[PDB]
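Working notes for the structure below.
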Amino acid sequence: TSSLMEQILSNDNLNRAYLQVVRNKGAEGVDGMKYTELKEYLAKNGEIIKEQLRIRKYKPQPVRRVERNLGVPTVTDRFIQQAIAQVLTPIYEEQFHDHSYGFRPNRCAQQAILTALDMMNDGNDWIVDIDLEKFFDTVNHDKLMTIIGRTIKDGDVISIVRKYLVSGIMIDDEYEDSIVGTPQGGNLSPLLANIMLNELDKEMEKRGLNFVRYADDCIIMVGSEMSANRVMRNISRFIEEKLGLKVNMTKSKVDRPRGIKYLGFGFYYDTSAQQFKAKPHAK
Amino acid sequence: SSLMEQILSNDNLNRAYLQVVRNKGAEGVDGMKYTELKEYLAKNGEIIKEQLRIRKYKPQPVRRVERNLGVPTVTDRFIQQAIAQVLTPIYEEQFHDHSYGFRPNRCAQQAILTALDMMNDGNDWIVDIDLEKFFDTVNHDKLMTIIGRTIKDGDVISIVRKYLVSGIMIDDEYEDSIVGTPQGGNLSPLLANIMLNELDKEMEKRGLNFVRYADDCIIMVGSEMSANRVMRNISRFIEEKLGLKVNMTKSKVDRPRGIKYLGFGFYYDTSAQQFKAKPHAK
Ligand SMILES: [K+]
Ligand SMILES: [K+]
């Protein structure tokens with residue numbers, strides 16, 4: 001991974017990124033450029049942008065704050081972000097935990113719900129529901145880049161990824177309202193969050209915990225109230241002390257499935273089926 | 001090494017019994033609880049196996065439960081699961097990538113995502129064909145003939161036909177956006193997918209953009225005239241070639257806002273400038 005920048009800038013990869021970003025549509029960024037204008041802009045500026053990226057002179061624009069609050073990158077920056085993610089995603093898909101489901105290829109929120117239901121119906125129906133503050137509002141950039149740097153050795157890729165953090169990329173959280181569809185502004189930021197939170201997945205696996213995670217939204221299924229309180233404390237301590245993220249103490253809770261709201265779903269006991277099932281909760 | 005001996009193998013039966021216990025569920029007509037299956041098979045498994053080998057095993061009728069469900073006895077769920085475990089890998093290689101219902105590693109949300117991608121590519125006239133319940137209308141001989149193209153083991157054909165007669169069908173709680181283990185669906189959804197795969201191949205040959213979840217399919221077309229023509233042609237194929245029943249008053253052509261599919265409604269996100277989906281009011 002010492003020379004990933006030229007893979008990112010290859011003609012095939014950039015053309016795939018352009019196609020995907022146009023397919024994703026979305027609102028315009030701070031430059032007012034519509035997604036239908038990207039093609040003509042890159043015909044004139046694509047080679048200049050490649051040369052700027054090669055010497056770390058490309059300057060991402062700040063995201064446009066759009067009001068749910070969204071940070072929308074310019075369509076040029078979504079294109080570059082997508083080009084970066086197309087190369088890093090296969091690298092990290094080999095590392096990620098099978099119970100991580102958010103913003104990953106061939107995975108979705110319903111899969112996370114099904115796995116959690118299997119866990120609850122096996123007897124692990126004490127739920128540790130840890131609530132985290134917004135990832136990109138709180139993550140330490142140096143800590144994140146150090147974690148990424150364990151795998152990515154290409155300093156040019158490290159450099160532009162850091163610049164996109166400063167630009168304000170963030171996670172579109174409409175999945176919390178059970179919305180299905182293409183997120184806005186999420187070509188790169190959800191991958192970066194998964195890289196950091198993959199350290200949490202590894203810790204929970206090391207502890208033998210049953211969990212599902214969707215971006216920064218995790219639930220842990222344990223067998224007793226005493227064990228649930230112990231896990232709530234230990235994992236909350238780990239997240240704040242080792243990952244430097246922030247736990248919402250009042251919103252985090254231990255409960256039975258009936259009290260959990262997760263990825264827009266609630267849980268209930270089906271007395272005919274004699275097991276827990278899930279359905280969208282009232283909103 | 002026949003299909004039936006594969007179904008009755010020790011590894012296959014043990015996996016089937018474990019999965020059926022894991023699936024829990026209500027009792028069938030014999031009153032046997034899922035917690036009683038282990039002891040019953042310890043005592044009677046060899047008799048059951050012998051009866052299956054010589055085509056003398058008799059499935060019990062499903063139990064009507066109330067949304068109406070037909071619940072097989074837990075022994076029959078076990079045998080159905082044992083059959084499905086061998087037939088599923090065979091048919092998984094024949095099935096279409098836009099078939100999502102009751103298949104390993106596939107779910108309703110994936111069908112929604114694929115449909116949304118087709119809609120946002122400009123195919124936002126939706127053909128919404130409504131079929132009467134598959135197992136209330138399918139002709140058993142027609143279904144078994146389609147299955148027989150692949151399954152040549154007469155002992156497997158025999159027991160599958162007997163399960164059709166017993167009344168197996170498809171738990172449709174996914175229509176209410178419910179996520180979880182269906183009741184009574186160890187074998188019936190696979191059989192429905194085997195026949196409806198004939199529709200998938202016909203739609204693929206016609207170059208149509210579609211998604212299907214069991215007997216619930218929507219087709220994404222570029223214009224109103226094209227959508228009505230597809231509705232005409234595909235409804236005719238379903239009735240004439242598959243012998244299924246199309247409900248005229250419920251089979252419509254509409255824009256995404258008028259479609260309810262797998263519990264989801266569709267709307268146009270003006271900020272994102274694209275269609276998205278979310279649970280519809282119920
Ligand atoms: K959570
Ligand atoms: K339909």
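Each chain in the structure tokens gets a letter, A, B and so on, in the order shown; residues start at 1 in every chain, and ligands are counted from 1 in the order they appear.
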Up to 8 Å from chain A, what residues of chain B turn up? Count only C-alpha atoms and give them as a compact mmCIF listing (two decimals) with N, CA and C atoms, in the first residue's frame.
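Result file part_15.txt:
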# COMPACT_ATOMS: atom_id res chain seq x y z
N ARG B 22 -34.10 -24.14 16.25
CA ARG B 22 -33.72 -22.74 16.34
C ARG B 22 -34.84 -21.82 15.85
N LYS B 24 -38.02 -22.26 16.22
CA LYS B 24 -39.11 -22.21 17.20
C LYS B 24 -40.43 -22.34 16.45
N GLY B 25 -41.44 -21.52 16.74
CA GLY B 25 -42.68 -21.53 15.99
C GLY B 25 -43.78 -22.31 16.70
N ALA B 26 -45.00 -22.10 16.22
CA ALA B 26 -46.18 -22.72 16.80
C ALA B 26 -46.26 -24.20 16.43
N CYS B 107 -32.48 -10.16 1.37
CA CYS B 107 -33.57 -9.65 2.19
C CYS B 107 -34.35 -8.59 1.43
N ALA B 108 -35.47 -8.19 2.03
CA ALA B 108 -36.39 -7.23 1.41
C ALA B 108 -35.70 -5.90 1.10
N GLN B 109 -34.86 -5.41 2.01
CA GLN B 109 -34.22 -4.12 1.78
C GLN B 109 -33.33 -4.13 0.55
N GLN B 110 -32.72 -5.28 0.22
CA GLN B 110 -31.90 -5.35 -0.99
C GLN B 110 -32.76 -5.19 -2.24
N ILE B 112 -35.49 -3.46 -2.38
CA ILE B 112 -35.85 -2.04 -2.40
C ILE B 112 -34.72 -1.22 -3.00
N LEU B 113 -33.49 -1.50 -2.56
CA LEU B 113 -32.34 -0.77 -3.07
C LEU B 113 -32.18 -0.96 -4.57
N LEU B 116 -34.92 1.04 -6.31
CA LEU B 116 -34.60 2.46 -6.27
C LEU B 116 -33.53 2.82 -7.29
N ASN B 120 -34.16 5.49 -10.20
CA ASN B 120 -33.39 6.71 -10.33
C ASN B 120 -32.59 6.76 -11.62
N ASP B 121 -32.51 5.65 -12.35
CA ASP B 121 -31.99 5.65 -13.72
C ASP B 121 -33.04 6.07 -14.75
N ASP B 176 -45.98 -6.42 6.07
CA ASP B 176 -46.11 -5.45 7.15
C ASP B 176 -44.76 -4.93 7.64
N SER B 177 -43.69 -5.08 6.85
CA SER B 177 -42.34 -4.64 7.18
C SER B 177 -41.73 -5.43 8.33
N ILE B 178 -42.30 -6.57 8.66
CA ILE B 178 -41.82 -7.35 9.79
C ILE B 178 -40.57 -8.11 9.39
N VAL B 179 -39.57 -8.10 10.27
CA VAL B 179 -38.31 -8.81 10.07
C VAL B 179 -38.22 -9.93 11.10
N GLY B 180 -37.91 -11.14 10.64
CA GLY B 180 -37.76 -12.27 11.54
C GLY B 180 -38.03 -13.57 10.82
N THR B 181 -38.04 -14.64 11.59
CA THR B 181 -38.14 -15.97 11.00
C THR B 181 -39.59 -16.26 10.61
N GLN B 183 -42.96 -18.38 9.81
CA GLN B 183 -43.50 -19.65 10.24
C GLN B 183 -43.87 -20.49 9.02
N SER B 271 -33.98 17.27 -1.90
CA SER B 271 -32.60 17.68 -1.64
C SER B 271 -31.62 16.77 -2.37
N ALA B 272 -31.78 15.46 -2.22
CA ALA B 272 -30.93 14.50 -2.90
C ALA B 272 -31.26 14.34 -4.38
N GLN B 273 -32.41 14.86 -4.82
CA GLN B 273 -32.88 14.73 -6.20
C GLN B 273 -32.94 13.26 -6.61
N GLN B 274 -33.56 12.44 -5.77
CA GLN B 274 -33.74 11.06 -6.15
C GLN B 274 -34.83 10.42 -5.31
N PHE B 275 -35.38 9.34 -5.85
CA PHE B 275 -36.31 8.53 -5.08
C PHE B 275 -35.60 7.79 -3.96
N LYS B 276 -36.30 7.67 -2.83
CA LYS B 276 -35.86 6.89 -1.69
C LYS B 276 -37.10 6.16 -1.18
N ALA B 277 -36.92 5.34 -0.15
CA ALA B 277 -38.01 4.52 0.36
C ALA B 277 -38.01 4.56 1.87
N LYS B 278 -39.19 4.33 2.45
CA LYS B 278 -39.33 4.23 3.89
C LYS B 278 -40.62 3.50 4.19
N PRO B 279 -40.79 2.98 5.40
CA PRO B 279 -42.01 2.21 5.70
C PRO B 279 -43.26 3.03 5.42
Self-check item: Shell of 12 Å around ligand 1 (only C-alpha atoms and all ligand atoms), written as a PyMOL selection string
Solution: chain A and resi 127-134+176+211-221+232+235-236+247-249+251-255+260-264
Exercise. Can you list, as number ranges by chain, all residues belonging to range 110-222 of chain B that DSSP tags as alpha helix (DSSP H)?
Key: B: 110-120, 134-137, 140-148, 154-166, 188-205
Please report as a Markdown table every residue of chain B lying within 6 Å of ligand 2, along with the nearest atom pair and their distance in Å (one decimal), using only C-alpha atoms and all ligand atoms.
| residue | atom | partner | partner_atom_place_in_ligand_line | distance |
| --- | --- | --- | --- | --- |
| B:128 | CA | ligand 2 | 1 (K) | 4.3 |
| B:129 | CA | ligand 2 | 1 (K) | 4.6 |
| B:130 | CA | ligand 2 | 1 (K) | 5.0 |
| B:216 | CA | ligand 2 | 1 (K) | 4.4 |
| B:217 | CA | ligand 2 | 1 (K) | 4.3 |
| B:218 | CA | ligand 2 | 1 (K) | 4.9 |
With N, CA, C and O atoms retained, export the selected residues as a tab-separated table (two decimals), in the first residue's frame.
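Listed below is the output, result-v1.tsv:
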chain	number	residue	atom	x	y	z
B	128	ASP	N	-47.04	-2.92	-11.39
B	128	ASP	CA	-47.29	-3.56	-10.09
B	128	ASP	C	-48.34	-4.63	-10.30
B	128	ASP	O	-49.53	-4.38	-10.11
B	129	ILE	N	-47.91	-5.82	-10.72
B	129	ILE	CA	-48.82	-6.94	-10.92
B	129	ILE	C	-49.13	-7.58	-9.58
B	129	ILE	O	-48.24	-7.80	-8.75
B	130	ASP	N	-50.40	-7.88	-9.35
B	130	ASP	CA	-50.85	-8.52	-8.13
B	130	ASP	C	-51.30	-9.93	-8.47
B	130	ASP	O	-52.22	-10.11	-9.27
B	216	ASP	N	-44.18	-11.51	-5.22
B	216	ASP	CA	-44.39	-10.06	-5.24
B	216	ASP	C	-43.28	-9.40	-6.05
B	216	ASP	O	-42.14	-9.26	-5.58
B	217	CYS	N	-43.62	-8.93	-7.24
B	217	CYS	CA	-42.68	-8.41	-8.22
B	217	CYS	C	-43.12	-7.02	-8.66
B	217	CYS	O	-44.31	-6.79	-8.88
B	218	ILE	N	-42.17	-6.11	-8.82
B	218	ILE	CA	-42.44	-4.84	-9.48
B	218	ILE	C	-41.45	-4.72	-10.63
B	218	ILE	O	-40.32	-5.22	-10.55
Self-check item: Pick from A:51, A:77, A:93, A:154 nearest to residue 2 in chain A, counting only C-alpha atoms
Solution: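 Looking only at the distances to residue 2 in chain A, the closest residue turns out to be A:154.
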Quiz prompt | Distance query residue 229 in chain B at most 12 Å, only C-alpha atoms, self and fewer than 4 positions along chain excluded, as a PyMOL selection string | solution = chain B and resi 125-127+206+208+219+221-225+233-236+252-253
Quiz prompt | Filtered DSSP result for range 59-139 of chain B, state strand (DSSP E or B), as a list in words | solution =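 So the strand (DSSP E or B) residues in range 59-139 of chain B would be residues 63, 64, 65, 69, 70, 71, 99, 125, 126, 127, 128 and 131 of chain B.
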Those residues you just picked out, can you put them in a file as a PDB file, in the first residue's frame with N, CA and C atoms?
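So the final result, stored in part_24.pdb, reads:
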ATOM      1  N   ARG B  63     -51.798 -26.692   9.955  1.00  0.00           N
ATOM      2  CA  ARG B  63     -52.758 -26.141  10.904  1.00  0.00           C
ATOM      3  C   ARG B  63     -53.047 -24.695  10.537  1.00  0.00           C
ATOM      4  N   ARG B  64     -54.323 -24.361  10.367  1.00  0.00           N
ATOM      5  CA  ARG B  64     -54.684 -22.979  10.091  1.00  0.00           C
ATOM      6  C   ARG B  64     -54.591 -22.152  11.367  1.00  0.00           C
ATOM      7  N   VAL B  65     -53.859 -21.042  11.289  1.00  0.00           N
ATOM      8  CA  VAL B  65     -53.614 -20.142  12.412  1.00  0.00           C
ATOM      9  C   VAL B  65     -53.883 -18.720  11.939  1.00  0.00           C
ATOM     10  N   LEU B  69     -52.036 -18.318   8.470  1.00  0.00           N
ATOM     11  CA  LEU B  69     -50.844 -19.132   8.289  1.00  0.00           C
ATOM     12  C   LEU B  69     -51.203 -20.610   8.356  1.00  0.00           C
ATOM     13  N   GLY B  70     -50.532 -21.411   7.530  1.00  0.00           N
ATOM     14  CA  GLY B  70     -50.598 -22.853   7.614  1.00  0.00           C
ATOM     15  C   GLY B  70     -49.319 -23.360   8.246  1.00  0.00           C
ATOM     16  N   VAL B  71     -49.455 -23.982   9.410  1.00  0.00           N
ATOM     17  CA  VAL B  71     -48.304 -24.353  10.227  1.00  0.00           C
ATOM     18  C   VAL B  71     -48.125 -25.868  10.126  1.00  0.00           C
ATOM     19  N   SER B  99     -34.006 -11.739  -7.744  1.00  0.00           N
ATOM     20  CA  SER B  99     -34.919 -12.485  -6.885  1.00  0.00           C
ATOM     21  C   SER B  99     -34.370 -12.487  -5.462  1.00  0.00           C
ATOM     22  N   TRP B 125     -41.829   4.526 -14.213  1.00  0.00           N
ATOM     23  CA  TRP B 125     -43.179   4.008 -14.397  1.00  0.00           C
ATOM     24  C   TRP B 125     -43.169   2.555 -13.939  1.00  0.00           C
ATOM     25  N   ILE B 126     -43.969   2.244 -12.915  1.00  0.00           N
ATOM     26  CA  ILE B 126     -43.883   0.974 -12.199  1.00  0.00           C
ATOM     27  C   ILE B 126     -45.056   0.098 -12.606  1.00  0.00           C
ATOM     28  N   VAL B 127     -44.745  -1.108 -13.073  1.00  0.00           N
ATOM     29  CA  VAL B 127     -45.736  -2.156 -13.286  1.00  0.00           C
ATOM     30  C   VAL B 127     -45.858  -2.955 -11.996  1.00  0.00           C
ATOM     31  N   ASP B 128     -47.039  -2.924 -11.388  1.00  0.00           N
ATOM     32  CA  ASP B 128     -47.288  -3.557 -10.094  1.00  0.00           C
ATOM     33  C   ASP B 128     -48.343  -4.630 -10.302  1.00  0.00           C
ATOM     34  N   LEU B 131     -50.642 -10.922  -7.878  1.00  0.00           N
ATOM     35  CA  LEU B 131     -50.999 -12.320  -8.066  1.00  0.00           C
ATOM     36  C   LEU B 131     -51.827 -12.806  -6.884  1.00  0.00           C
TER      37      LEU B 131
END
Self-check item: Atom-to-atom span, CA of residue 7 in chain A and CA of residue 148 in chain A, Å
Solution: 17.6 Å
Quiz item: Any idea what's packed within 10 Å of residue 64 in chain A, counting only C-alpha atoms, ignoring anything in its chain fewer than 3 positions away? Could you give it as a VMD selection string?
Solution: chain A and resid 27 to 32 61 67 70 to 74 167 to 169 185
Let me see the file: selected residues, N, CA and C atoms, as a PDB file, in the first residue's frame.
ATOM      1  N   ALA A  27     -27.503  16.931  -3.670  1.00  0.00           N
ATOM      2  CA  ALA A  27     -27.475  18.385  -3.682  1.00  0.00           C
ATOM      3  C   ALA A  27     -26.083  18.904  -4.043  1.00  0.00           C
ATOM      4  N   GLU A  28     -26.030  20.190  -4.373  1.00  0.00           N
ATOM      5  CA  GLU A  28     -24.755  20.796  -4.728  1.00  0.00           C
ATOM      6  C   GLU A  28     -24.006  21.255  -3.480  1.00  0.00           C
ATOM      7  N   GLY A  29     -22.679  21.349  -3.608  1.00  0.00           N
ATOM      8  CA  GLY A  29     -21.832  21.884  -2.564  1.00  0.00           C
ATOM      9  C   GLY A  29     -21.699  23.397  -2.643  1.00  0.00           C
ATOM     10  N   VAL A  30     -20.675  23.909  -1.952  1.00  0.00           N
ATOM     11  CA  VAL A  30     -20.511  25.351  -1.784  1.00  0.00           C
ATOM     12  C   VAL A  30     -20.217  26.053  -3.104  1.00  0.00           C
ATOM     13  N   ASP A  31     -19.835  25.315  -4.145  1.00  0.00           N
ATOM     14  CA  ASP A  31     -19.567  25.936  -5.437  1.00  0.00           C
ATOM     15  C   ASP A  31     -20.802  26.014  -6.327  1.00  0.00           C
ATOM     16  N   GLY A  32     -21.925  25.443  -5.900  1.00  0.00           N
ATOM     17  CA  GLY A  32     -23.131  25.461  -6.700  1.00  0.00           C
ATOM     18  C   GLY A  32     -23.109  24.562  -7.913  1.00  0.00           C
ATOM     19  N   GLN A  61     -12.810  21.699  -0.905  1.00  0.00           N
ATOM     20  CA  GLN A  61     -13.673  22.783  -0.464  1.00  0.00           C
ATOM     21  C   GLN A  61     -14.408  22.371   0.809  1.00  0.00           C
ATOM     22  N   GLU A  67     -29.733  21.910   5.732  1.00  0.00           N
ATOM     23  CA  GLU A  67     -30.716  21.489   6.725  1.00  0.00           C
ATOM     24  C   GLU A  67     -31.990  20.988   6.056  1.00  0.00           C
ATOM     25  N   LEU A  70     -26.859  18.050   7.302  1.00  0.00           N
ATOM     26  CA  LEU A  70     -25.990  17.336   6.379  1.00  0.00           C
ATOM     27  C   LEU A  70     -24.846  18.234   5.943  1.00  0.00           C
ATOM     28  N   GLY A  71     -23.649  17.657   5.848  1.00  0.00           N
ATOM     29  CA  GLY A  71     -22.536  18.341   5.220  1.00  0.00           C
ATOM     30  C   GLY A  71     -22.309  17.796   3.824  1.00  0.00           C
ATOM     31  N   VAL A  72     -22.550  18.606   2.801  1.00  0.00           N
ATOM     32  CA  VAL A  72     -22.540  18.152   1.411  1.00  0.00           C
ATOM     33  C   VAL A  72     -21.252  18.627   0.746  1.00  0.00           C
ATOM     34  N   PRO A  73     -20.357  17.725   0.338  1.00  0.00           N
ATOM     35  CA  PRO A  73     -19.159  18.154  -0.407  1.00  0.00           C
ATOM     36  C   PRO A  73     -19.546  18.607  -1.805  1.00  0.00           C
ATOM     37  N   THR A  74     -18.698  19.441  -2.412  1.00  0.00           N
ATOM     38  CA  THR A  74     -18.882  19.744  -3.826  1.00  0.00           C
ATOM     39  C   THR A  74     -18.873  18.451  -4.636  1.00  0.00           C
ATOM     40  N   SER A 167     -12.226  19.120   5.766  1.00  0.00           N
ATOM     41  CA  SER A 167     -13.291  19.697   4.950  1.00  0.00           C
ATOM     42  C   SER A 167     -14.666  19.537   5.596  1.00  0.00           C
ATOM     43  N   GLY A 168     -14.811  18.599   6.526  1.00  0.00           N
ATOM     44  CA  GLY A 168     -16.043  18.427   7.271  1.00  0.00           C
ATOM     45  C   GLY A 168     -16.937  17.290   6.826  1.00  0.00           C
ATOM     46  N   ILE A 169     -16.392  16.285   6.134  1.00  0.00           N
ATOM     47  CA  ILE A 169     -17.218  15.166   5.702  1.00  0.00           C
ATOM     48  C   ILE A 169     -17.842  14.512   6.931  1.00  0.00           C
ATOM     49  N   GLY A 185     -23.348  12.850   0.685  1.00  0.00           N
ATOM     50  CA  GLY A 185     -22.038  13.167   1.233  1.00  0.00           C
ATOM     51  C   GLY A 185     -21.288  12.016   1.865  1.00  0.00           C
TER      52      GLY A 185
END
Quiz prompt | Distance criterion (only C-alpha atoms): nearest to residue 254 in chain B out of B:199, B:220, B:281, B:8 | solution = B:220
